Amino acid sequence: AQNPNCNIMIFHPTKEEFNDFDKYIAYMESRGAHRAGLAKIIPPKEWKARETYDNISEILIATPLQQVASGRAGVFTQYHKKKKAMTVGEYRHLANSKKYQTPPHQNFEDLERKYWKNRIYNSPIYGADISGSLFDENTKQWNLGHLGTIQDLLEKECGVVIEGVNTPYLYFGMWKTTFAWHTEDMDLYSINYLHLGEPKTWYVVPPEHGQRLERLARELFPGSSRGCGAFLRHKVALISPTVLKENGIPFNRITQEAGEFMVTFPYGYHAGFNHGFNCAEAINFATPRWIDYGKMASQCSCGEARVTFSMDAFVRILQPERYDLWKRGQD
Ligand code: NI
Ligand SMILES: [Zn+2]
């Protein structure tokens, strides 16, 4: 029972330890990293996702989303308004303009205070959920497009490809661009690499305390709780760290810099924001340990959020001795 305080652990793999992705995930879990819900991984010195980040200005952001928030005192609901297509070059210019740029700050505590206090103002534009990857095909270690985990069973056994789940998503962010409180689809793991730019702050609740966050969310959004039994699947709730601390919700905060990986573990609730212009890439993955989490993931009741995929192939192939038991439990 390592990591008793559910601290966010930072890992420094050697070049050799960076070869087998699944093996390093298991090593991190042997150290209790998953208890925090998130871990940071610093890649070895000479490792690189790609040679250079030139020629990225021409990338198409077909549907940038304006993230409109409404609320106050650290509790907000966010909705996405569709905007017209832009290039990464135009987006970077907009992010670095006087209206959207990172406001002056003394330190993190000051920037964090400005983000939570002024959230309803100057609704940021997020170049989120773009199908694609910036990892060079030559990169053979921790290439998000080719992690080689058991999640490959979805496409291998069923021919099912879901954008962002088993294919990478690119995210071009700007100051105040936000990711609302959520666990991954099917309570999968996720991995995020910050290719370039300004930091990304993450808030994370330890998986053992996930229900405490759900209880607080039900009390903060009573209308949403009456309509859906898993409304955090909607991914629209913003809850500040001050509100978490006031309500005794255990959490940790860590900031991710460019060149660093962040891994989220099954049922690790997380939320955060981008400090300024940046580009991150993310994808889901799975291990044999996740199958029990996937089998029990609470799904959206109202239909606003999807039931991403069936657990059938995973149970039938990787837990065959428990397949009939799983089937009887599904009715
Ligand atoms: Ni996530
Ligand atoms: Zn719902």
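Given the residues 71, 37, 145, which is the only one that is touching a residue at least 40 places away in the same chain (Cβ under 8 Å), within 30 Å of residue 317 (Cβ to Cβ), surrounded by fewer than 20 Cβ atoms within 10 Å (Cβ to Cβ) and of a type outside the set (A, V, I, L, M, F, W, C)?
None of the other options fit; the residue is 145.
Quick one: count up the residues across region 23-33 that are more than 15 Å from residue 261 (Cα to Cα) and either in a helix (DSSP H, G or I) or of a type outside the set (D, E, K, R) (or both).
6
The rows are residues; the columns are (1) within 16 Å of ligand 2 (Cβ to nearest atom); (2) farther than 30 Å from residue 136 by Cβ.
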residue: 266; (1), (2): no, no
residue: 287; (1), (2): no, no
residue: 299; (1), (2): yes, yes
residue: 307; (1), (2): yes, yes
residue: 314; (1), (2): no, yes
residue: 322; (1), (2): no, yes
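Whether any residue in region 105-125 is assigned to a strand (DSSP E or B) and either over 20 Å from residue 176 (Cα atoms) or touching a helix residue (DSSP H, G or I) at 6+ places or on another chain (Cβ under 6 Å) (or both) is what I want to check.
no
Here's the yes/no breakdown for (1) within 16 Å of ligand 2 (Cβ to nearest atom); (2) closer than 12 Å to residue 269 by Cα; (3) in a loop (DSSP other than H, G, I, E, B):
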{"site": "156", "(1), (2), (3)": "no, no, no"}
{"site": "160", "(1), (2), (3)": "no, no, yes"}
{"site": "171", "(1), (2), (3)": "no, no, no"}
{"site": "209", "(1), (2), (3)": "no, yes, no"}
{"site": "216", "(1), (2), (3)": "no, no, no"}
{"site": "233", "(1), (2), (3)": "yes, yes, no"}
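Is there a residue in region 256-270 that is surrounded by fewer than 22 Cβ atoms within 10 Å (Cβ to Cβ), in contact with a helix residue (DSSP H, G or I) (Cβ under 8 Å, 6 or more places away or on another chain) and in a loop (DSSP other than H, G, I, E, B)?
Scanning region 256-270, I find no residue that is surrounded by fewer than 22 Cβ atoms within 10 Å (Cβ to Cβ), in contact with a helix residue (DSSP H, G or I) (Cβ under 8 Å, 6 or more places away or on another chain) and in a loop (DSSP other than H, G, I, E, B), so the answer is no.
Name the single residue, out of those in region 279-297 being of a type outside the set (D, E, K, R) and more than 16 Å from ligand 1 (Cβ to nearest atom), that is nearest to residue 257 (Cα to Cα).
Only one residue fits best here, namely 279.
Note: ideal-geometry Cβ built from the backbone for every residue, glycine included; neighbour counts use all protein chains shown. Values quoted throughout were computed directly from the atomic coordinates according to the rules given, and no laboratory measurement underlies them.
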